[PDB]
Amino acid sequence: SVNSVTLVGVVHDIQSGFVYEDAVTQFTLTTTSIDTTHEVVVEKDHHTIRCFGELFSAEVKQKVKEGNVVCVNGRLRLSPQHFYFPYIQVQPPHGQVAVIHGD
C-alpha cells in the first residue's frame, strides 16, 4: 500500500515559512508532457512541492533557485484543509529533491 510520486520540471516561487510549528520550504514545480503520437498536443501541470525538516528545508532554501530544473521524489498527499489541496510531501530518507545542472 505505497504512495510514490516522481516529478521532473522547473522551479518557481520558493518560499520558506512554517505550518504547524514545523520548518518548510515550498515551491511550485512545472511539468510539461509532450504527447506521444505517430496532432502535437502538450499538457502542462503545476504542482506544490513542500520540503519538511529544519535541515532539509534550509538546504533546499539555500541551494535551489528560481528557474532550476529538478527531480522530486515524495508522497502525493491530500489536504482537507468538500475541498482537498494536493501537495507533495518531501523529506528524507523517503523523498528527495535533485538539482539537475545543465549548461
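Position 1 is the first residue in the sequence shown; the rest follow in order.
Participant: How many missing residues of the deposited sequence lie between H38 and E39 in the entry, grouped as none, 1 to 3, 4 to 9, or 10 or more?
Facilitator: Gap between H38 and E39: 1 to 3 residues without coordinates.
Participant: Neighbours in the displayed sequence, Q81 and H82 may still hide a gap; how many deposited residues lack coordinates there, none, 1 to 3, 4 to 9, or 10 or more?
Facilitator: 4 to 9 residues are missing.
Participant: Test of understanding: from the entry's C-alpha B-factors, which stretch has the higher mean, 46-54 or 29-37?
Facilitator: Higher mean C-alpha B-factor in the PDB entry: 29-37.
Participant: Which of the two stretches, 87-95 or 19-27, shows the higher mean Cα temperature factor in the record?
Facilitator: It is 19-27 that shows the higher mean C-alpha B-factor.
Participant: Taking the entry's C-alpha B-factors for this chain, is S1 in the lowest, middle or highest third?
Facilitator: Within its chain, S1 is a highest-third residue by C-alpha B-factor, going by the deposited values.
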